[PDB]
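In the order they appear, the protein sequences are chains L and C. Each residue of the first sequence is one higher than the one before, starting from 1094 at the first, in the entry's author numbering. Each residue of the second sequence is one higher than the one before, starting from 1458 at the first, in the entry's author numbering. Note sheet for the following structure.
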Amino acid sequence: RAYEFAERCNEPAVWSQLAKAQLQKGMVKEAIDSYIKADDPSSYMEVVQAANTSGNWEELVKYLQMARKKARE
Amino acid sequence: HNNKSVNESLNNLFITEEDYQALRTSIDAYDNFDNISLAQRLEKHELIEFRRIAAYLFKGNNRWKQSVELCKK
């Protein structure tokens, strides 16, 4: 239901909450799609920490490439 | 008054009566119902108008790149 409610509306906060929920549920692969539509570079440390728990180095590359254009760190 | 149960009952009655005009009026005037289950039920009604209304609901739920592939059949 949360995915459909997020598809109905359009707000980066909802996608950020969905990403936090997926991280709490351990869905690293589904957490990148929750940041692509949100473009939120924050909380990248937790995403990187959770990426080590499950090898998903195919979508995190695009997430970091998009965050590079938002926070030059 | 946009009641969820009343909307669902009217949609079920329109499905039973094979009506798609009052269904169009209901989906255009009100949206307090589960569009996904209704679309999944309409796409299996073997009629063209029902699957068109299902694709309309799918595009109204901002489910882009999905309703087009569904109606492509």
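All C-beta atoms in this analysis are idealised placements derived from N, C-alpha and C, irrespective of residue type, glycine included.
Pick helix, strand or coil for residue i, following the three-state DSSP scheme.
i          : result
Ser1109(L) : helix
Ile1125(L) : coil
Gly1148(L) : coil
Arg1165(L) : coil
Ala1114(L) : helix
How many Å lie between residue i and residue j at the Cα?
i          : j          : result
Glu1139(L) : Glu1151(L) : 17 Å
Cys1528(C) : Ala1512(C) : 7 Å
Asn1468(C) : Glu1506(C) : 14 Å
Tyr1156(L) : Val1141(L) : 11 Å
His1458(C) : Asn1103(L) : 26 Å
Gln1110(L) : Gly1119(L) : 14 Å
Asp1132(L) : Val1107(L) : 12 Å
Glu1123(L) : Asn1489(C) : 28 Å
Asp1126(L) : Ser1466(C) : 36 Å
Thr1473(C) : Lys1130(L) : 39 Å
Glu1166(L) : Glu1475(C) : 60 Å
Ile1510(C) : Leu1504(C) : 10 Å
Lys1163(L) : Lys1501(C) : 45 Å
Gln1497(C) : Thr1146(L) : 36 Å
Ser1136(L) : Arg1520(C) : 27 Å
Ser1494(C) : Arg1481(C) : 16 Å
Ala1099(L) : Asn1464(C) : 22 Å
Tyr1128(L) : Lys1522(C) : 19 Å
Decide if residue i is buried, meaning its Cβ has at least 16 other Cβ atoms within 10 Å, or exposed.
i          : result
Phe1471(C) : buried
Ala1479(C) : exposed
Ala1486(C) : exposed
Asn1492(C) : buried
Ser1462(C) : exposed
Contacting positions in the segment 1485 to 1507 of chain C - beta carbon closer than 7 Å to chain L: Here the close residues are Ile1493.
Residue ranges of each beta strand (DSSP E) run of no fewer than 3 residues wholly in the segment 1478 to 1518 of chain C, ordered along the chain? Complete beta strand (DSSP E) runs here, min 3: none at all.
Closer than 9 Å, Cβ to any Cβ of chain L: which residues of the segment 1468 to 1480 of chain C, in chain order? Answer in chain order: no residues at all.
Between the segment 1095 to 1129 of chain L and chain C, which residues of the former have CB atoms less than 9 Å from a CB of the latter, in chain order? Against chain C - using a Cβ distance shorter than 9 Å - the residues of the segment 1095 to 1129 of chain L are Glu1097, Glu1100, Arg1101, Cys1102 and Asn1103.
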